[PDB]
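Numbered from 1 within each chain, the chains take letters A, B, ... in sequence-line order. Values reported hereafter were calculated over all heavy atoms of this structure, with side chains retained and with hydrogens, waters and symmetry mates removed.
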Number of protein chains: 2
Amino acid sequence: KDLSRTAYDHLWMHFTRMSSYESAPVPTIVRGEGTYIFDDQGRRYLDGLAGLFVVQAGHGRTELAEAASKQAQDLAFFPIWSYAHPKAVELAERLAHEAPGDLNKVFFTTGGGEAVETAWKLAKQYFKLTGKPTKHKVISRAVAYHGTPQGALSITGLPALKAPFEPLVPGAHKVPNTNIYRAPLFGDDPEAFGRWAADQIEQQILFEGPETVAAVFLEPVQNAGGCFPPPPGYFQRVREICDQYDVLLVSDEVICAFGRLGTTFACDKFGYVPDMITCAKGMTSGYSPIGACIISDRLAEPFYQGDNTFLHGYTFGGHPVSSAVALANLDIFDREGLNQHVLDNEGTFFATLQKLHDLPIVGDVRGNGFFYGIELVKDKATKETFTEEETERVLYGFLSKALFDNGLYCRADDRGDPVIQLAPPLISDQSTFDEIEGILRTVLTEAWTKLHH
Amino acid sequence: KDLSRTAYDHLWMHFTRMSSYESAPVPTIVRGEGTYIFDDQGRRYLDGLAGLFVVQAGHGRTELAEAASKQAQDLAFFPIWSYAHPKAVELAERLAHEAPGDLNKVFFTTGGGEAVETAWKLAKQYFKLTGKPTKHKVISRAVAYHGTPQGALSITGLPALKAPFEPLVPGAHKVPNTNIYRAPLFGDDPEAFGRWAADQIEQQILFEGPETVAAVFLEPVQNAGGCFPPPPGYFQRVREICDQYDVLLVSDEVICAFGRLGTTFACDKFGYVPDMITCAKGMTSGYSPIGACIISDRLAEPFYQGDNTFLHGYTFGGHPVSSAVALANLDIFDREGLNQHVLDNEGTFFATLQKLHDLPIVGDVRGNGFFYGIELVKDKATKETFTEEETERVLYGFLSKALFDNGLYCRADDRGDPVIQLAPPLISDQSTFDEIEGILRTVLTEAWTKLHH
């Protein structure tokens, strides 16, 4: 009314229908502690998304706050633009050490979209430097989100995010996602489904001509569309196809890295080695912006000869304070054994959510690690979806309001989506899982009453 | 212990020829205080670029370090994705209050390129929402830098940054810059030159068809190419042209805002009101990454009606810690009067650098505020440029090494450029200006001896 008004008048929120706050206060979060956040009235919510798949270590970490002030006092900013500073160097070494294979070169960004832009640009120049100048196209999955700058947005697979802005950067082609719950083919045969879904990458390579294709971008577990884990055999086949056709595999780990799946790099959870990794989000548990494109030495080789230069960069990539905070965050990971904690508890988290399958609105519960989706349906036997009117009234309206009002934050850009996603802080335990399931049961029971069956 | 091997092995530096560090140490900056930085050997350097046109208030600001820890302990991260947090709201209000006209809506980013992407995307959607769907093209100046994600990169006017990555986002067209020192026409008539240079924007709009053109992107003072201030009457005429043809004017103030020219928004230094401002860099004096696209209420209006949404965003845009730090930085500005300090000292800074005109290698001294370029030439009478060999040996090699070794940091991405640019912290004073001139005189005297006349 003062500050909800100030927000509506000046703060253009991201992925927000701003008219929603014409005659309703903007929900304003002011404090977090552990797994909880608090609004400007002191109401408490379980942070069911860890902010935005970010706050791995939990909120209120004095050690990360003090890491920031200690570094800012000493050197808050100097560019890594033909210069180094110690924390960037130390963090690049650490990330390289954790990364698989020969992924030893770290190109810092501030965000994930910036990292995706980096990976595509690097692929293009790599092929120019190695005598394959027509290699430029990229492949990614339907419904996947890979960011919003216009190159990343080409790789993105959500038409609603793209249609207002087209034309974008040429060369981005789509293949099916691995949502077996709605598979057009082989939904009853996970291994065949995985082989089919991977083989569609080969088909698109052949369609466009392999000498024109540079890269394939895949999340370990796809977020947008509603949390799709990989089918059996999928990544091994993708790697084989990329090898065969001289195409680079980019693991887009902006969500999945830094323990979300119980490993530092999520490609290790599924046993594949990509050519590049994009990451951001949980590198600092969100405490200071930073991301990276981590790159195979094989790719870097030509750029490190003679007068060659990757004429690319970001003012704030590799920022001293962010780098210090990332290192302190990884120290928390190591000291508290957060990656192992996630591996040791993924089974019970999944089982706790799966209890919701006895509700008539719940069609599917799926995920991996500390990352799950609960897909809502109008009828479980037919997997019937919602009408446009039901989506507005029951999902955007009733469901999203009810989850928040009953103490569970888990809706941001996806308020109108029929899948509820969860990605709480990695310090979450059985008590957290129980609190989540209990609120979901209450709210999903009520949601069913809002549907005309 | 020397970090040079760790850096070469893992830190892919931005805009860097990495082979330069195969058999030479990486210059490693570890600490800053005020206008100075220190390397890991304890040598001290004047920060002649304020890092990267960033560190407006100077290094070692306890106030900013403590602002970061205070906020991070309370709420380090929550997304502004259909939610607000108090520091983002407060900063949006403050930026809106400082911005001219009806520029009251603040769309936060982390970086400048992200902000430029924002502005172009917003322009495209705006025109779709207001029944002008063919408006999509952008105009910008030759040799201008507007960022590196592939939409921003289209607006960028440096072919070396673009050729390896083409094709980019269609619709970006170029017009002449305002480098009066090498004007083909009106070199000794600034007013005529200004009219001419603005008129070229109208010509390009006509060439492409006004109903296909969305926006014009211009820095107040152009960085790349070597510091080109606007000629008299230029921006007034640009604003007239944009109004006539229903094209949006975007002031790209990533370098120029936050006191670099003596005002909070640099468009105010030159007396024009753009439709959008892009900014980043000095918002926090670089202490924590954040930027913004600041937007006219007239542009926002259609997006705030009904179901309409700008489906765009960045995880870390408007970060709580960055927002807190930005507010504390603006507090320093207000209490110390840094904007006025720059207005009061720009004349003597410029006059001090102009003393270098008596050197035979110095072709031009130009700039505005605390932003200058010193253009080097092989012959002052003819304005003769350097050969490729001279550029490598004398500029990339001798000059850039000598500047650093004599105590002046002022070379990053531009080590091989014939223009030396300067943009020190805004706390710089006459002593700083004299220190700069003295080092430049030493090094430029020596550089002349390296050239075969």
- Those residues at least two apart in sequence (or on a different chain) that pass ring-ring contact (aromatic ring centres under 6.0 Å, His included) with A:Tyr314 are A:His312
- Message: Please check: side-chain N/O of B:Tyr304 versus main-chain N/O of A:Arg17, any donor-acceptor pairing under 3.5 Å?
- Response: no
- Message: So which residue, A:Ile290, A:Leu161, A:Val26, ends up with the most heavy-atom pairs under 4.5 Å with chain B?
- Response: A:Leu161
- Note on the structure: The interface call for B:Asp39 against chain A, heavy-atom contacts under 4.5 Å, is neither
- Message: Does the plane of the ring in A:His14 sit parallel, tilted or perpendicular to the ring in B:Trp81? Use 30° and 60° as the thresholds.
- Response: tilted
- Message: If you take the centroid of each ring, where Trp contributes its six-membered ring, are A:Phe404 and B:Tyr83 closer together than 6.0 Å?
- Response: yes
- Message: With a 4.5 angstrom heavy-atom cut-off, is it the side chain or the backbone of B:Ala163 that approaches chain A, or both, or neither?
- Response: backbone
- Query: Would you say A:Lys121 and B:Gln150 make side-chain contact, with heavy atoms under 4.5 Å?
  - Reply: yes
- Query: Of the backbone (N, CA, C, O) and the side chain (C-beta and beyond), which part of B:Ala67 lies under 4.5 Å from a heavy atom of chain A, both, or neither?
  - Reply: neither
- Task: Would you sort out whether B:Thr16 and A:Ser82 count as a side-chain hydrogen bond (donor to acceptor under 3.5 Å, both in side chains), showing the intermediate values?
- Result: CA-CA 5 Å; B:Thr16 297; A:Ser82 80; 4.7 Å; no
- Item | is_close_aromatic(A:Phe15, B:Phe310), centroid dist under 6.0 Å | no
- Task: Check whether NZ of the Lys or CZ of the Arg A:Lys124 lies under 6.0 Å from the centre of the six-membered ring of B:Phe165 and within 45 degrees of that ring's axis.
- Result: no
- Can you sort out the partners of B:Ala88 under side-chain contact (heavy atoms from CB on, under 4.5 Å), two or more places apart, ordered by chain and number? A:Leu11, B:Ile80, B:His85, B:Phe108, B:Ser323
- B:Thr148 and A:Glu117, any side-chain heavy atoms less than 4.5 Å apart: no
- Task: May I ask you to decide if A:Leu75's main-chain N or O and B:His59's side chain share a donor-acceptor pair within less than 3.5 Å?
- Result: no
- Item | Interface residue of largest heavy-atom contact number with chain A, from B:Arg61, B:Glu66, B:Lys281, under 4.5 Å | B:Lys281
- State, yes or no, whether a side-chain contact exists between B:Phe53 and A:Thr315 at a heavy-atom distance under 4.5 Å. no
- Contact summary for A:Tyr287 and B:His319, nearest pair of heavy atoms: O-CE1, 3.2 Å
- Sort A:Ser322 into side chain, backbone, both or neither according to what part of it lies under 4.5 angstrom from a heavy atom of chain B. side chain
- Do you know which of A:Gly151, A:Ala84, A:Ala65 has the most heavy-atom pairs with chain B at a distance under 4.5 angstrom? A:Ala84
- Message: Which atoms of A:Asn308 are under 4.5 Å from chain B, going by heavy atoms: the side chain, the backbone, both sets, or neither?
- Response: backbone
- Heavy-atom nearest pair, B:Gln305 first then A:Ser19, reads C-CB, 4.3 Å
- Task: With the side chain counted from C-beta on, respond yes when A:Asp47 and B:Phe78 share a heavy-atom pair under 4.5 Å apart, and no when they do not.
- Result: yes
- Are B:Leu311 and A:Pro164 close enough that some pair of their side-chain heavy atoms sits under 4.5 Å apart? no
- Identify which part of B:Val106 has an atom lying under 4.5 Å from any heavy atom of chain A, answering side chain, backbone, both or neither. both
